[PDB]
């Protein structure tokens, strides 16, 4: 019982390192596509066709979790990868200040405003549509970078599942106190678990680093064409409004069905 908690803490530390490791590839991949050029004719269709022709199936652990009742909420319509259609509830106001310190609140509030796209698929589609149409951009390169990004963001948030299992063993009593509470509805248990999983100080740490990375990696050199406007804003928005809150919900969903382990 000590030993198992210790092991889980160790395991959590390693999985968190794996989660952070997606930060730079996601940002570089967005920047590669943004530096490359405008949108090709029928690029969106070609992205769907590429996902169909090169269908990567998730791991057996993930594919079986996606068949359970809590995991099924993150299964996408084929040929989209897992979790890229998942819609978090709106939690911010239209005018919420997203990326500057606010007196009496803090900085980098998580989640969607009413005007944010519903899910990652729509967010990335909206980003693609904001580009100008181009007859010179290479279709194969553009689609291949689009597909890379979809696979990256799916794998990134899916790490919430093994992270949640490790957190459960590490913080066993905390979660079991919620799970075995017979006064709480299913949704109140979900809310209480999400709150237990949420650490905004760590969220600010990540998003501050993402903002630095997006500025440093978007540096312009001799004779480079500038990035489209708002490129850095949308990189931050991807993490702040989607990747972080969806990861937390995946972790909560994984925890919720574990009362028999208490």
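Positions refer to the first chain, counted from 1.
Enquirer: Out of 67-75 and 144-152, which one has CA B-factors that are higher on average in the deposited record?
Expert: It is 67-75 that shows the higher mean C-alpha B-factor.
Enquirer: Pick between 49-57 and 207-215: the one whose mean CA B-factor in the entry is higher.
Expert: Mean CA B-factor is higher for 49-57.
Enquirer: Which listed residue, 100, 105, 177, 113, has the largest C-alpha temperature factor in the record?
Expert: Result of the comparison over 100, 105, 177, 113: 177.
Enquirer: For the CA B factor values reported in this entry, which option in 164, 171, 83, 139 has the top one?
Expert: When the deposited C-alpha B-factors of 164, 171, 83, 139 are compared, 171 is largest.
Enquirer: Just say lowest, middle or highest third for the CA B-factor of residue 233 relative to the other modelled residues in its chain.
Expert: Lowest third, going by the recorded CA B-factors of the chain.
Enquirer: For residue 198, return the chain-relative third of its C-alpha B-factor as stated in the PDB record: lowest, middle or highest.
Expert: Answer is middle: the recorded C-alpha B-factor places it there.
Enquirer: Where does the C-alpha B-factor of residue 131 rank in its chain, lowest, middle or highest third?
Expert: Its C-alpha B-factor belongs to the highest third of this chain's values.
Enquirer: Would the CA B-factor of residue 187 place it in the lowest, middle or highest third of its chain?
Expert: Its C-alpha B-factor, which the entry lists for residue 187, ranks in the highest third among residues of this chain.
Enquirer: Please say which third, lowest, middle or highest, residue 225 falls into when its CA temperature factor is compared across its chain.
Expert: CA B-factor rank for residue 225: middle third.
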